[PDB]
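Q: got a sequence here, can you model it:
(chains A, B and C)
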Amino acid sequence: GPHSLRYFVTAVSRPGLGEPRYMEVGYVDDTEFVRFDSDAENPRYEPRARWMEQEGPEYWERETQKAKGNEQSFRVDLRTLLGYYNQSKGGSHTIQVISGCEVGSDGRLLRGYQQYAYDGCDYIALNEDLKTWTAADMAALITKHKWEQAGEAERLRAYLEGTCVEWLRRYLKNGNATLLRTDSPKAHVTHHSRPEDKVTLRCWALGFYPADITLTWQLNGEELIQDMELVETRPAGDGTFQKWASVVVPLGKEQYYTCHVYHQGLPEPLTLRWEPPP
Amino acid sequence: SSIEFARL
Amino acid sequence: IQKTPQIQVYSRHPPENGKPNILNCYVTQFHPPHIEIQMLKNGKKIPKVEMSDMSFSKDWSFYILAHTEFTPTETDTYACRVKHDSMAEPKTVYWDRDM
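A: Residues are numbered from 1 along each chain as shown, chains lettered A, B, ... in the order given. Below, you will see the structure:
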């Protein structure tokens, strides 16, 4: 199937409290595999996945040096933006970037990413044509003009179509099967109620990976999406995820409801109902 | 490997 | 622009009284990145609370996981308190064993 290599970058100023905090986090198929955190005595790029430990010392050295270079460049960008926005030197500000490539099964780029945000709002982004830019405001228009003159889009298309795809292949060779990892959910239904003629049935999905999952409740073939309560998928903290969906039903009709669990690790969707313990 | 970022 | 943090408090494993577990406090959808997270037991702050590294999602909002070891009892009360620039006052969310 398709794969992706993307870096999530963060630069946060802290006037009076020290140098800006800079971070570079790499993801292969939405899984963190490397991280650089400037908040240290001697900051270094590090593996976040055991399979990256294969890379030799020269790799880590080049990545570390490039990261510190990026950090210092962003330090300047933070100042530049205070200027573009006519802002004070005393407030904290954040610059964020999502930069990467998602390639198809045939090894060709499906989509390139080079998008920026300032204080949580879109700043500028490279368009799908990998040739033009979309500035979100007046400030971004200055960067746009500057990048157009420098041929920045061409520079990024090169990286996105070449360098990024090539590195993704390399990383996949060392952690392909690992990324293919799949933990199917284990489900069960709990019964809850406060002295009333109604009861809550909560369908739980535990220990699954990846996070993508769907839970539904059915009353005789029909999905109850109107009054079904559910929580956002959440990390158990051990690499797997959790999620639940609940519905309020009439006391005594618990057996008329069925929960369905859809996950990529399941040979077939799970089907279950409330089971009063023996 | 991440790209070397340009100035804003 | 500021985004108010969404919070979830739950155990890593289904809770069983007397059995060691891990209590999580998942905080998402906030901006700016600076945030103060505390976990409480019966109204008092818990000293040993670990924090995951911070990350951000496609919509630019940040997320982080705080967690602490605990052995649930029938009557102990747990909660997660979050202080963030987006809120006038600290937000407290209590752990519900059924959620």
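
Q: interface residues of chain B facing chain A?
A: Proximity of chain B to chain A is confined to B:1-8 under the rule CB under 8 Å from any CB of the partner chain. Yep, even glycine has a C-beta here, placed from its N, CA and C like the rest.

Q: buried subset of these, written for PyMOL?
A: With 16 or more other CB atoms under 10 Å in any protein chain shown as the criterion, this PyMOL line picks the buried residues out of the residues of chain B next to chain A:
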select buried, chain B and resi 1+2+3+5+8
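
Q: possible to save the residues of chain B next to chain A as JSON lines with secondary structure?
A: Shown next, in JSON lines, are those (DSSP: H, G, I helix; E, B strand; the rest coil):
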{"residue": "B:1", "secondary structure": "coil"}
{"residue": "B:2", "secondary structure": "coil"}
{"residue": "B:3", "secondary structure": "coil"}
{"residue": "B:4", "secondary structure": "coil"}
{"residue": "B:5", "secondary structure": "coil"}
{"residue": "B:6", "secondary structure": "coil"}
{"residue": "B:7", "secondary structure": "coil"}
{"residue": "B:8", "secondary structure": "coil"}
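
Q: what parts of chain C come near chain A?
A: Taking CB under 8 Å from any CB as the contact definition, chain C meets chain A at C:1-3, C:6, C:8, C:10, C:12-14, C:22, C:24, C:26, C:28, C:31-34, C:52-56, C:58, C:60-61, C:65, C:67, C:98-99.

Q: quick one on the thing from earlier: and the furthest pair within the residues of chain B next to chain A?
A: With CB to CB as the measure, no two of those lie farther apart than B:1 and B:8, at 21.5 Å.

Q: quick one on the thing from earlier: what is the nearest of the residues of chain B next to chain A to residue A:141?
A: The closest of these, once distances to residue A:141 are taken by CB to CB, is residue B:8, at 11.6 Å.

Q: my guess is that closest one contacts residue A:80, does it?
A: Yes - the pair residue B:8 / residue A:80 is scored as a contact, 5.4 Å apart, by CB atoms under 8 Å.

Q: now the residue most central in space within chain B. Its backbone dihedrals?
A: Among the residues of chain B, the one closest to the centroid is residue B:5, at 1.3 Å (CA atoms, centre = their mean). Here is the backbone geometry of residue B:5 (degrees, to the nearest 10): phi -80, psi 140.

Q: report the contact partners of it.
A: Contacts for residue B:5 (CB atoms under 8 Å, 6 or more residues apart in numbering or on different chains) come out as A:9, A:70, A:73-74, A:97, A:99.

Q: what's the answer for residue C:54, then?
A: Going by CB under 8 Å, 6+ apart, residue C:54 touches A:23, C:33, C:62-64.

Q: helices along chain C, start to end?
A: Assigned by DSSP state H, chain C shows no helices.

Q: what ranges do the strands span in it?
A: For chain C, the strands defined by DSSP state E cover C:6-11, C:21-30, C:36-41, C:44-45, C:50-51, C:55-56, C:62-70, C:78-83, C:91-94.

Q: want to throw those strands into TSV with mean neighbour count and distance to residue A:253?
A: Shown next, in TSV, are the strands of chain C (neighbours: other CB atoms under 10 Å in any protein chain shown; distance: least, CB to CB, whole Å):
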stretch	mean neighbour count	distance to residue A:253
strand C:6-11	20	28
strand C:21-30	21	33
strand C:36-41	17	39
strand C:44-45	8	43
strand C:50-51	12	43
strand C:55-56	20	43
strand C:62-70	19	36
strand C:78-83	20	34
strand C:91-94	14	30
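
Q: burial count for residue A:208?
A: 25 (other CB atoms under 10 Å in any protein chain shown).

Q: what number of residues lie near the nearest residue to it once chain neighbours are set aside?
A: The spatially closest residue to residue A:208, leaving aside those adjacent along the chain, is residue A:185, at 3.7 Å (CB to CB, 6 or more residues apart in numbering or on different chains). Neighbour count for residue A:185, taken as other CB under 10 Å: 22.
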